[PDB]
Amino acid sequence: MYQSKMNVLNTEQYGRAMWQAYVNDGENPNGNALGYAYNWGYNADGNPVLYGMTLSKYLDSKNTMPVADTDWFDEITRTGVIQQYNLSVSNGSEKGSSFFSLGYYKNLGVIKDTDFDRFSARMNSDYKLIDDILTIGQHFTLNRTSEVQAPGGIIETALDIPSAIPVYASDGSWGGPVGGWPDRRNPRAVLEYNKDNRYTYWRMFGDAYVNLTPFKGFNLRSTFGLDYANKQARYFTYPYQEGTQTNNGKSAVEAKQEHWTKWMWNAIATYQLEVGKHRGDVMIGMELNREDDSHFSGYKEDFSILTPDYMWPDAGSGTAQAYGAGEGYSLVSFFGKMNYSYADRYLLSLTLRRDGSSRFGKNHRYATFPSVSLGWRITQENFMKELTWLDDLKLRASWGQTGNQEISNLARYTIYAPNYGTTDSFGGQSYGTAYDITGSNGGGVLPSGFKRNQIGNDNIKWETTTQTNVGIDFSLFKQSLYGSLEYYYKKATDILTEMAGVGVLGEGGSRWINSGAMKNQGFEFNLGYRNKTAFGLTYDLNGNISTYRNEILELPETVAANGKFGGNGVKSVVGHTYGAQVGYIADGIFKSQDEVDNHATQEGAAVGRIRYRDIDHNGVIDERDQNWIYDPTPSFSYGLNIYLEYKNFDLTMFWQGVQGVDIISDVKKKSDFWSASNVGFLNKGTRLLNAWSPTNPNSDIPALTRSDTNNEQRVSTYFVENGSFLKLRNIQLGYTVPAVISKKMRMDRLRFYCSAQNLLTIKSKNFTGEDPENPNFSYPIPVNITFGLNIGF
Amino acid sequence: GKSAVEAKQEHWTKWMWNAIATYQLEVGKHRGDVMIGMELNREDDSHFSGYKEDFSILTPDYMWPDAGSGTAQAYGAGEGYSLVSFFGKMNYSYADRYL
Amino acid sequence: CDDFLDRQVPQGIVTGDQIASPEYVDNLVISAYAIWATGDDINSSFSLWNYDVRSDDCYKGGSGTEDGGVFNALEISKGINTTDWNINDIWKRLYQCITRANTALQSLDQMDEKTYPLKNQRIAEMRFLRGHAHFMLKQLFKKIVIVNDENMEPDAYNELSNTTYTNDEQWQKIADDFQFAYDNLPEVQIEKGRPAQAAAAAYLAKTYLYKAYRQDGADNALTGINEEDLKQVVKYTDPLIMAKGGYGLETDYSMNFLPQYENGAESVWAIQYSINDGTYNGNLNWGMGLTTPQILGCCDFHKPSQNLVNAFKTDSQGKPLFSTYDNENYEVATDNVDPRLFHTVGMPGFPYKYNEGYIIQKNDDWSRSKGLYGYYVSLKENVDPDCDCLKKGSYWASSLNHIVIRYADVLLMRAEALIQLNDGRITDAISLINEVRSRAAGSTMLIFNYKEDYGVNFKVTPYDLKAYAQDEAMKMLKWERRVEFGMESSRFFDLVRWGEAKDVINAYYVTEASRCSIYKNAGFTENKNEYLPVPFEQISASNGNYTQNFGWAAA
Amino acid sequence: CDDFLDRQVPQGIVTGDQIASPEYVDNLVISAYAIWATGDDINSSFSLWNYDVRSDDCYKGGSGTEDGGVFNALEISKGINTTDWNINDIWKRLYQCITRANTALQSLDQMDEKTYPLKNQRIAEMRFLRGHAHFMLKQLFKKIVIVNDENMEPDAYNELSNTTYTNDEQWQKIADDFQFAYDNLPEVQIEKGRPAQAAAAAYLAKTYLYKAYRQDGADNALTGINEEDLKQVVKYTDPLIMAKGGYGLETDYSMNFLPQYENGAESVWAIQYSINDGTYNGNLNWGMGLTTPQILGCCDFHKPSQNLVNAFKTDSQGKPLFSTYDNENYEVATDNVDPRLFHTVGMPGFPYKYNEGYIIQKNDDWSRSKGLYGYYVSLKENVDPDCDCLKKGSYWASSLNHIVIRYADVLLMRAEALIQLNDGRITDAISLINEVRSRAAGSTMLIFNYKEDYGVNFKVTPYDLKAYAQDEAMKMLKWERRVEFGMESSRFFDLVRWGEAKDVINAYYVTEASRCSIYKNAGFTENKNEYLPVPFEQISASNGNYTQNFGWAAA
């Protein structure tokens with residue numbers, strides 16, 4: 001079930017807000033070229049007051065679109081249904097083991113015409129031959145998933161389309177805007193037109209291995225992994241026509257195919273030895289990886305019958321396009337690892353890799369990454385054994401590095417592409433190389449060429465992330481109080497950055513550079529208490545908490561000005577958190593002509609408008625008056641699992657909180673203003689019914705205006721809110737039938753249970769939307785309520 | 001100087017489902033099987049392909065549809081059938097000498 | 001360990017070292033043309049119309065003042081921020097066109113002429129394109145970066161500046177590009193999208209015409225008019241050079257804006273938009289995708305002003321009402337009018353693109369603004385709704401060529417420099433104005449029966465050839481440029497050449513408030529609003545190597 | 001048990017009950033045109049050229065006598081078997097065109113006219129097509145099956161016969177089809193591939209012209225000439241009917257066979273071949289794919305005869321050498337010649353399709369036969385090697401339209417019937433021959449300098465308007481049809497209309513043996529070889545309902 005649903009004006013409410021917006025600006029509210037007419041006048045003090053309100057019956061003069069009070073979110077949501085079934089079976093003999101499972105999932109999301117499902121089989125087995133010294137094994141899973149996904153932007157469209165627009169037009173077609181009504185598409189119709197854009201996805205995952213133990217402590221092993229998926233889909237383009245929202249009469253189909261084929265191969269050599277007090281592992285080995293991808297698709301326009309049965313490429317009578325390309329990479333890897341344990345109380349560990357990637361030139365192919373960790377089982381040292389209340393306590397510290405090469409397969413190269421221009425754009429800017437050099441106006445193939453996509457860089461190398469870590473494990477009161485702490489410092493250097501080009505460089509001037517650095521340090525804490533009670537109740541709490549800070553250390557000059565990782569391209573994010581943002585400081589509202597004239601010069605400032613702070617004190621409110629106003633890093637997050645067992649019943653709660661987080665709300669643009677949007681007459685949030693006026697002087701909401709004279713759309717503290725939350729992620733209640741009862745139906749375990757996920761949300765009073773975890777337009781987070789069972793033989 | 005490439009794909013998906021009920025009995029000298037049951041079959045096929053003309057580099061590394069500068073064609077269609085089947089079979093053997 | 005990490009290599013691309021091979025040199029040339037069709041979008045057309053909303057010719061249109069709020073800010077001269085996304089956008093896009101020119105030039109420079117005899121005509125073509133963009137950046141931003149070292153490494157672009165050169169020698173670095181093109185282009189281009197020599201002369205002249213109204217001080221005011229520069233506009237609009245290329249005025253005005261008449265004698269150089277051409281929906285003029293009227297559902301941008309409407313009014317003898325034209329609306333029944341009004345402005349009660357089956361009305365069906373932006377439609381770039389040339393992608397766009405230099409421009413630009421050089425050749429500038437004015441008075445094919453069907457009184461006459469004063473002559477050329485190039489997105493550009501922007505537009509703001517409510521709070525600040533600010537992100541990345549224009553605060 | 005075996009249904013097709021819906025009626029009409037472009041192949045072009053190799057105009061060409069052995073058998077009149085694959089093939093293909101006509105007519109018959117006002121013009125179009133095929137089958141086979149019941153069930157086709165009707169009333173059932181078309185087609189077709197009313201008249205006339213040379217006996221000889229039929233050729237070639245449609249002779253002969261001049265005033269009805277049109281390689285004229293010369297690698301079919309060459313020779317006053325033309329080869333230096341030779345026959349030393357850069361020689365490079373079939377190339381259907389219209393699929397083919405009725409045909413057909421009706425209108429038939437003959441004498445654009453560059457003496461004059469005898473007049477029309485329609489695949493068809501096949505071709509066999517060795521053993525058997533045998537498999541499936549033509553054994 002859809003839960004946190006956004007409150008959005010209704011047809012009557014829409015007309016009240018509009019009258020306010022008009023009269024605030026001092027224009028005749030009867031001049032809205034929609035269907036509203038207003039009986040209004042002035043109060044004793046001279047401020048405008050609304051008396052009555054009449055709406056016409058149709059939105060057009062020719063009466064093809066009736067007037068509604070449509071709740072568009074209720075109209076695009078539904079009660080979802082989930083199903084889940086899984087069977088698994090296992091066998092274990094002296095000479096081997098064997099496992100087999102079958103599974104199914106099916107989930108009809110709360111947004112209509114979106115769903116997902118999965119079929120799964122897995123078989124694993126292993127065999128011990130000779131003297132259990134030759135061993136063969138296999139793990140393999142096979143899966144078929146299929147999904148129809150929510151279109152891009154339906155939540156914003158549902159927020160945007162006014163109640164007055166009906167779901168169905170008089171003729172029974174889909175409803176749409178006409179007359180003066182805004183440029184917004186019918187969101188029910190979008191979802192329905194997209195219901196057959198289903199992909200089918202087959203993934204096979206598994207490995208096979210051989211293991212040899214030629215004598216005591218010596219092992220050899222070789223594993224070949226296979227990871228292969230393929231995805232097919234027809235995407236259909238049906239013709240639409242919702243009022244003035246038209247598509248001409250375009251019909252098309254695109255049959256798309258993709259393949260991802262990855263495989264892995266390694267060989268491993270490990271020695272073990274136990275010398276009275278010394279313990280020790282050594283392991284050296286080698287690994288190969290390779291991915292090869294391909295994708296292609298055929299596109300055809302114009303169909304006589306508009307159903308997925310007809311809409312195959314062979315049956316189109318219009319223009320065709322063909323798409324596709326491949327790519328891939330490979331990795332080689334040489335590694336060793338060394339473990340040592342003295343007297344089971346001092347532990348040392350050593351890792352060393354040399355790692356090559358096809359994504360670099362040979363002059364930089366490999367890089368070498370060592371690692372070191374130490375252990376100190378304090379309690380086994382004899383002077384700690386005067387402490388009956390502390391079972392084990394172990395201090396550990398580690399330093400080590402890891403390469404990163406997760407970059408474009410083409411990162412090294414200067415890329416020219418023919419890009420004739422066969423591909424959907426938006427508003428032009430296809431950047432194609434075809435051109436009617438002849439002046440014929442077309443009708444036939446044009447001459448074309450090549451355009452630069454990327455400048456190469458001969459000396460890209462491995463990026464290095466380096467971590468230092470320290471923590472301590474503990475166990476008190478004979479294993480009932482347990483947990484661990486963690487402190488780490490984590491720095492990425494020579495960071496591999498897709499770096500934009502300087503403006504004058506022009507088309508495709510970007511290049512991947514090792515240029516940039518970024519830290520993450522923080523604390524991590526686990527703590528669990530568990531004990532029985534002397535009336536029948538077992539209780540087991542185990543919670544956790546953590547916090548971190550992130551700081552960008554250096555950055556290419558053109559990425560600092562870019563804003564790609566931070567301050568909106570007005571200030572450089574070097575020295576701030578990844579994703580921090582700069583903006584104007586909103587300092588309330590001008591409430592009196594007095595307060596505009598005494599403020600800095602502010603273009604568009606008047607009574608009822610946002611007062612922006614004069615940060616440089618220059619007596620002018622201009623682009624220079626912005627500062628660091630947004631950081632996405634919580635002060636801390638935390639989780640907690642309560643578990644109870646009483647009298648064959650069991651109860652679980654899992655709580656999760658994030659505390660101290662800034663969110664940026666873009667719904668607030670739609671909820672607190674009549675004109676903080678590109679387009680006039682959109683549906684608005686229900687909060688602006690409380691907008692400041694002479695009438696209503698106790699408010700934070702700017703006075704309703706029809707033009708963003710004050711540019712209150714500018715990034716500002718007005719949109720940052722406290723996105724802190726605590727959520728009951730899950731609660732589950734269970735009964736398990738006593739053994740003596742189920743064991744006679746030959747059942748080691750029979751249990752039924754009942755649960756609800758995401759049932760409850762605690763948030764800040766200063767947050768003004770619904771889900772602080774999903775404050776804008778992403779697929780809503782539903783409340784699930786579940787029943788289920790467990791049977792085992 | 002024609003150069004072209006055609007990327008072709010085909011799928012044949014057949015599945016079968018049956019349920020079977022069989023009785024046996026051995027009476028001193030008589031022997032006998034009976035079996036009745038039901039079977040469902042379904043095949044669904046699809047095939048499609050993208051065709052592109054005119055390539056600057058004439059190797060299978062270059063000759064992908066995305067990289068042609070000439071005319072394109074698109075092909076494909078589906079088909080299928082299903083079968084239902086009801087059957088019984090009866091075996092009898094007397095004294096292991098008449099069947 | 002080694003062969004393994006080299007096997008897989010880039011698929012479906014040309015790499016940077018390969019791109020310079022001769023087999024690709026002509027691919028790069030074409031691609032440098034292509035971006036002028038494929039590189040703009042609905043808010044950045046290389047028409048620069050989205051920015052001529054500053055002019056007194058038109059309003060931005062659309063749903064309302066927020067429908068592209070940054071362009072409303074531009075239209076009323078208030079609340080422009082240097083951080084605004086459009087300003088950054090157009091700067092970025094134009095330098096992208098420059099890239100394709102330079103990349104082609106980089107590989108063309110290495111070509112051997114004995115085995116590629118068009119080497120210098122191709123090179124000329126590219127330098128023409130490079131001049132085209134630098135020219136438009138210069139118009140938009142004044143203080144621009146000169147990017148004309150096709151051999152410059154990527155890293156060296158970081159140490160460029162928009163003040164390496166003074167304002168004049170910035171203009172000259174543009175002139176140099178178009179000059180080489182004149183020296184090297186062929187007289188006739190059988191492939192019509194390629195500029196001919198006359199086009200290089202035309203643009204060369206236009207560059208010196210803009211260069212001659214000098215701003216060699218620190219702000220934007222005129223510091224005197226240079227006549228070394230003007231005598232060039234004369235040299236490179238010489239009729240003898242234009243006749244070597246066969247250019248001239250179409251015998252009816254409307255031909256410059258009609259699909260059937262592409263690449264005519266007046267189209268000196270145009271962007272060759274095309275249809276049915278292998279691309280997804282066509283190489284259409286997406287940049288004008290916003291300016292189709294509501295009859296196609298969207299979007300009603302680029303609507304002409306009542307000011308421009310009333311400008312086609314004419315006195316009883318067929319001359320402009322210089323002083324009185326804006327004091328009462330154009331009334332069809334009783335006013336004399338210039339035929340060019342009905343080729344520029346589609347007006348209620350009259351046919352849309354010469355089609356009696358689409359009559360424009362003050363309606364839901366034509367304008368989107370409930371009257372805020374008025375009820376007029378821009379005719380020049382739109383086309384007949386029935387045209388083969390018209391398709392809907394994400395927007396409605398046509399294949400109608402965008403003409404960068406109409407030969408009327410060449411005649412009127414020649415007229416200008418002659419009038420500015422008071423040197424006896426003024427009766428020759430009046431000779432040129434009468435060329436355009438008389439052609440226009442007879443451009444009544446396709447609207448020949450408007451007297452009987454609607455009542456319009458066409459009345460336009462040439463000026464008597466007298467010994468005109470320089471000041472009265474300027475007024476007459478200015479007026480001809482008003483009616484000749486309406487809605488073609490160089491009206492505001494003309495005003496900043498003349499140093500008259502504040503006076504004429506701030507005045508327009510008070511006269512036009514009566515008819516378009518948005519101009520209520522409009523105010524042009526001289527020595528500030530004559531050019532877009534250099535984009536904030538651009539300056540900020542420059543490490544103080546870029547310098548902001550005058551009038552804007554230290555941000 | 002039941003829902004299970006109904007779920008899957010046909011993919012990507014229309015079923016027979018659906019096909020009759022009105023939404024598909026115009027799809028069927030187009031499809032009935034389409035098969036005239038898409039239904040022939042290299043051995044069965046609806047040009048019927050592969051079968052005019054029987055004529056004295058040309059040789060089959062190719063590698064050798066086995067390169068299409070069944071057409072060599074046809075060319076020499078020996079070893080034709082009724083089982084031969086080509087004879088069956090062309091019979092089958094032409095009836096396939098008939099199918100598409102009838103299917104469209106079947107659904108058109110059910111349409112309501114008040115809500116589909118073109119119902120009878122569409123119906124007329126289809127009956128025109130149906131007449132076109134029946135006409136050509138009638139020419140090929142004499143004894144054909146009349147398939148004109150568009151409502152006939154599949155099974156009823158088994159009880160059809162090629163002798164339901166006598167020979168004359170077989171001709172009339174064709175005439176009926178073209179008559180209705182005349183009564184119902186519109187005077188002008190804005191979509192040029194659709195026959196206009198004049199085309200229906202032209203074909204109507206042609207049908208009565210062939211009908212009037214009657215063979216009402218059991219064999220193939222002439223049984224007298226009917227003048228009721230001839231007076232129809234007059235009615236339906238009336239100049240007034242042709243002028244209502246705007247037809248006439250192109251001012252230069254070569255225009256009928258040149259891509260730039262498609263659908264001209266002489267093209268009365270043509271097969272609209274096309275390029276760049278969505279199909280795999282184009283809707284090109286694949287049927288002439290064999291007849292391109294060796295300059296394109298293959299295949300050198302349809303090579304003109306020395307007989308036809310020498311026929312363009314003219315006496316000192318520009319008239320045909322009626323008696324002497326074949327007694328010495330055409331010698332360029334010293335013989336007067338008809339300009340039409342250089343529009344029909346590409347000859348060694350002369351330009352291929354008017355292109356001085358492709359001179360034909362007695363070479364490996366032009367002819368494939370090592371001289372067996374000579375060294376001449378057929379000009380009419382080939383095109384300039386540089387033409388946009390020319391593509392290679394499996395063969396080289398163009399988009400040059402195939403004209404079924406040239407308006408020269410109409411003038412010359414009118415001439416014929418007037419000469420046959422000795423009734424005072426003979427000086428009017430000579431008037432018509434002079435129309436074609438004088439047009440041709442001046443058709444020297446594109447070959448105007450052949451006197452100075454090669455030495456040819458063009459010399460063609462009209463006939464004096466005297467009171468000519470009927471026999472001399474026939475000779476003059478016959479000669480004009482020789483030079484006017486050379487290599488257009490109706491020469492042999494003309495001879496069997498005249499009952500002159502044995503006499504003229506058997507004679508040709510002895511005169512031309514000297515120049516083409518294949519005619520060594522050739523022998524035309526009269527009352528046998530004037531028509532292809534009805535195909536053996538066709539008769540044999542008929543259950544004796546079909547009857548073989550005269551002269552062939554009971555097989």
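Residues numbered from 1 in each chain as written, not as in the entry; some residues may be left out. Chains lettered and ligands numbered in written order. Part of a larger assembly, values for the part shown. Heavy atoms only, no water.

Per the PDB record, the structure was determined using cryo-EM to 4.2 Å resolution.

Undergrad: How should I be thinking about the environment of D149 of chain C in this particular structure?
TA: Considering the arrangement of structural elements, one finds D149 of chain C in the loop between helix 5 (119-141) and helix 6 (167-184). When the C-alpha positions of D149 of chain C and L321 of chain C are compared, they lie 50 Å apart, and in sequence the two are 172 residues distant. (Helix = DSSP H or I, 4+ residues; strand = E, 2+ residues; numbered from the N terminus.)

Undergrad: Hey, could you run me through the interface of chain B and chain A in this one?
TA: It is common to report an interface's size as the accessible area lost on association of the parts. Contact with chain B, which involves 14 residues of that partner, is made by 14 residues of chain A. For the pair chain B and chain A, the summed buried surface comes to about 1600 Å²; carbon and sulfur atoms form 62% of the total. Looking only at chain B, the three residues that lose the most surface to chain A are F48, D66 and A74 of chain B, adding up to 31% of its buried area. One can count zero salt bridges joining chain B with chain A. Our count for the contact surface shared by chain B and chain A stands at four residue pairs in polar contact. Among the secondary structure elements, those contributing two or more residues to the side of chain B that touches chain A are strand 1 (4-27), strand 2 (30-53) and strand 3 (72-94) of chain B. Among the elements that make up the side of chain B that touches chain A, the one with the highest residue count is strand 3 of chain B (four residues). Classifying every residue of the side of chain B that touches chain A gives six nonpolar, seven polar and one charged. (Contact = heavy atoms within 4.5 Å. Buried area = accessible area lost by both parts, 1.4 Å probe. Salt bridge = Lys/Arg side-chain N within 4 Å of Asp/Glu carboxyl O. Polar contact = N/O pair within 3.5 Å; in protein donor to acceptor, adjacent residues only side chain to side chain. Nonpolar A, V, L, I, M, F, W, Y, C, P; charged D, E, K, R; others polar.)

Undergrad: I keep staring at the pairing of strand 1 of chain B and nothing clicks. Help me out?
TA: All names here are of chain B. As defined by bridge partners, strand 1 adjoins strand 2 across 24 bridges and the pair is classed as antiparallel. Its bridge partner being in strand 2, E6 is matched across the sheet by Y51. Counting the residues that bridge the hairpin from strand 1 to strand 2 gives two residues, and of these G28 lies at a positive phi of roughly 45°. (Pairing = 2+ DSSP bridges.)

Undergrad: Looking at this model, I keep getting lost on the pattern of salt bridges. Mind explaining?
TA: Opposite charge on two side chains permits them to pair, given that their charged atoms come into close proximity. In total, this model carries 123 salt bridges over all chains according to the counting rule given. Taken together, the shared-partner salt bridges in this structure form one network comprising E266, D338, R340, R406, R437, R439, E480, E484 and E488 of chain C.

Undergrad: When you look at the UniProt feature "binding site: Mg(2+) 1" (unreviewed entry) in chain C in this model, what are you seeing that I'm missing?
TA: All names here are of chain C. Taking the numbering used here, the UniProt-annotated feature "binding site: Mg(2+) 1" (unreviewed entry) corresponds to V53, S55 and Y519. The annotated residues occupy 467 residues of the chain but converge on a single region, no pair of C-alpha atoms lying more than 12.1 Å apart. Tracing the backbone shows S55 in the loop between helix 2 (49-52) and strand 1 (58-61). Take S55: its relative accessible area is 0%, and that puts it in the buried class. Dropping the residues within four chain positions of it, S55 is found in contact with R491, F492, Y508 and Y519. When you line up the elements, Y519 lands in the loop between helix 17 (501-512) and helix 18 (536-542). You can call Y519 buried: its relative accessible area is 2%. Excluding anything up to four places from it in sequence, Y519 contacts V53, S55, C58, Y59, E75, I76, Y508, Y509, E512 and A513. (UniProt positions renumbered as here; feature names shortened; annotations may be inferred. Buried < 20%, exposed > 50% of the residue type's maximum accessible area, 1.4 Å probe, protein only.)

Undergrad: Any chance you could explain the interface of chain C and chain A here in plain terms?
TA: Each partner contributes to the interface: chain C provides 98 residues, whereas chain A provides 104 residues. For the pair chain C and chain A, the summed buried area comes to about 8300 Å², and 52% of that belongs to carbon and sulfur atoms. Taken together, chain C and chain A are joined by six salt bridges. As a salt-bridge pair, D365 of chain C and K62 of chain A come within 3.6 Å of each other at their nearest N and O atoms. For the pair chain C and chain A, the interface holds 55 residue pairs in polar contact. Secondary structure elements with two or more residues in the side of chain C that touches chain A: helix 1 (25-38), helix 4 (85-109), strand 2 (267-271), strand 8 (390-392) and helix 18 of chain C. For the side of chain C that touches chain A, the element with the most residues is helix 1 of chain C, which contributes eight residues. Taken together, the residues of the side of chain C that touches chain A break down into 37 nonpolar, 37 polar and 24 charged.

Undergrad: Help me out: how do you make sense of the UniProt feature "binding site: Mg(2+) 2" (unreviewed entry) in chain A in this one?
TA: All names here are of chain A. UniProt's feature table lists "binding site: Mg(2+) 2" (unreviewed entry) at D614, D616, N618, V620, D622 and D625, given in the numbering used throughout. Mapping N618 onto the fold places it in the loop between strand 27 (610-612) and strand 28 (626-630). Beyond its immediate chain neighbours, meaning those up to four positions away, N618 contacts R624 and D625. Among the polar contacts made by the side chain of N618, one reaches the side chain of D616 at a distance of 3.0 Å. Relative to the assigned elements, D622 resides in the loop between strand 27 and strand 28.

Undergrad: So what exactly am I meant to see when it comes to the UniProt feature "binding site: Mg(2+) 1" (unreviewed entry) in chain A here?
TA: Residue and element names in this part refer to chain A. Under the present numbering, the feature "binding site: Mg(2+) 1" (unreviewed entry) in UniProt falls on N441. Position of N441 among the secondary structure elements: in the loop between strand 17 (415-417) and strand 18 (451-454). Given a relative accessible area of 18%, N441 falls into the buried group.

Undergrad: Any chance you could explain the sheet that holds strand 5 (residues 336-337) of chain C here in plain terms?
TA: To summarise the sheet geometry, strands pair through backbone hydrogen bonds and adopt either a parallel or an antiparallel arrangement. All names here are of chain C. Here we have three strands laid out as an open sheet, ordered 4-5-11, and mixed in their pairing. Strands with a single pairing partner mark the edges of an open sheet, and in this sheet they are strand 4 (313-314) and strand 11 (457-458). Two strands pair when backbone bridges link them, and strand 4 and strand 5 are joined in this way by two bridges, in the antiparallel orientation. Looking at the pairing, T314 lines up with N336 of strand 5.

Undergrad: Where do I start with the environment of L348 of chain A in this structure?
TA: All names here are of chain A. Looking at the element boundaries, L348 is found in strand 14 (residues 346-357). What makes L348 partly exposed here is its relative accessible area of 30%. Put simply, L348 and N618 are 270 residues apart on the chain and 62 Å apart in space, counted from C-alpha to C-alpha. Not counting chain neighbours up to four residues away, the residues in contact with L348 comprise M338, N339, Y340 and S373.

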